[PDB]
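Numbering (the deposited numbering), first residue to last: 6 to 65, 69 to 222.
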């Protein structure tokens, strides 16, 4: 089995949000079959970012999702070659983030290359004003479509005030080879920022995800 009970990953992210370019590198580790992982991230160009780290967090690892045996683990099955994913997040106030990402397994470690593009966030919004405080747990609706695996969910970012700032998120996950697509199901996910420096140029995150029938 190429995917061991303990697996590390290395990741590179580049992109821009509202004209601000940046780059981030990260290294993480986790238990793929347990659906858990952590990562140490750092801004390597463009720091400090003038927008909420929260919008980048979900872009930083689907090989780490616990699945019952009766649900094909399409994304795990896709390794070592890997899979690619593209996403769009439509924020309630007009902000948008589109992402393209490549995942592969090279020499016992996952390699992630991510490109993010965010635009149209109001300068007085919670994103550009950094007033968000992490995501509430989500439940992504997974389903096979067009020979790919799709994911649909509304995500809620906590607002420093006490409210929430929402996003309708749509993701397409496509294995590099036609590994077995599963039927429709749901994945409960929770991502936590467990540590960060004041200006978020150094940040640590944890995420637990588990697939279950809907």
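Virtual Cβ for every residue (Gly too), placed ideally from N, Cα, C.
Beta-carbon contacts of residue i that lie in its chain and below 7 Å, excluding the five residues immediately before and after
i, result
"residue 26", "51"
"residue 40", "72, 73, 74, 216, 217 and 218"
"residue 8", "37, 71, 84 and 87"
N-terminal and C-terminal residue of the beta strand (DSSP E) that residue i is part of
i, result
"residue 82", "Here residue 82 belongs to no beta strand (DSSP E); instead the alpha helix (DSSP H) covers 82 to 85."
"residue 119", "117 to 127"
"residue 143", "140 to 143"
"residue 208", "Here residue 208 belongs to no beta strand (DSSP E), and DSSP marks it neither H nor E."
"residue 173", "172 to 183"
"residue 62", "That residue, residue 62, is in no beta strand (DSSP E); it is neither H nor E in DSSP."
"residue 25", "25 to 36"
Spatial distance of residue i from residue j (CA atoms)
i, j, result
"residue 120", "residue 153", "24 Å"
"residue 220", "residue 197", "11 Å"
"residue 100", "residue 131", "14 Å"
"residue 147", "residue 214", "17 Å"
"residue 17", "residue 28", "7 Å"
"residue 162", "residue 175", "5 Å"
"residue 76", "residue 188", "15 Å"
"residue 136", "residue 62", "15 Å"
"residue 165", "residue 204", "17 Å"
"residue 180", "residue 192", "14 Å"
"residue 225", "residue 35", "Nothing in the structure corresponds to residue 225, since the chain is present only between 6 and 222."
"residue 200", "residue 149", "20 Å"
"residue 177", "residue 6", "32 Å"
"residue 111", "residue 184", "10 Å"
"residue 78", "residue 190", "9 Å"
"residue 89", "residue 157", "17 Å"
"residue 113", "residue 207", "32 Å"
"residue 170", "residue 80", "39 Å"
"residue 54", "residue 24", "11 Å"
"residue 118", "residue 143", "25 Å"
"residue 116", "residue 69", "15 Å"
Beta-carbon contacts of residue i that lie in its chain and below 6 Å, excluding the five residues immediately before and after
i, result
"residue 226", "Because residue 226 is not part of the residues shown, which for the chain are 6 to 222, the question remains open."
"residue 32", "15 and 45"
"residue 64", "107, 122 and 124"
"residue 105", "60, 97 and 126"
"residue 20", "123, 124 and 125"
"residue 159", "148, 150 and 179"
"residue 95", "107 and 179"
"residue 222", "193 and 194"
"residue 13", "34 and 117"
Bridge partners - residue i, DSSP secondary structure assignment
i, result
"residue 194", "149 and 220"
"residue 235", "Absent from the structure is residue 235, since the part of the chain shown begins at 6 and ends at 222."
"residue 214", "43 and 200"
"residue 168", "In the DSSP output, where bridge partners are listed per residue, residue 168 has none listed."
"residue 48", "29"
"residue 10", "Per DSSP, none; premise fails for residue 10."
"residue 21", "26 and 125"
"residue 156", "153"
"residue 114", "117"
"residue 56", "Residue 56 pairs with nothing; no bridge assigned."
"residue 136", "Residue 136 pairs with nothing; no bridge assigned."
Cβ neighbours of residue i in the same chain (closer than 8 Å, five flanking residues each side left out)
i, result
"residue 167", "134, 139, 140, 141 and 173"
"residue 47", "29, 30, 31, 209, 210 and 211"
"residue 102", "128, 129 and 130"
"residue 186", "155"
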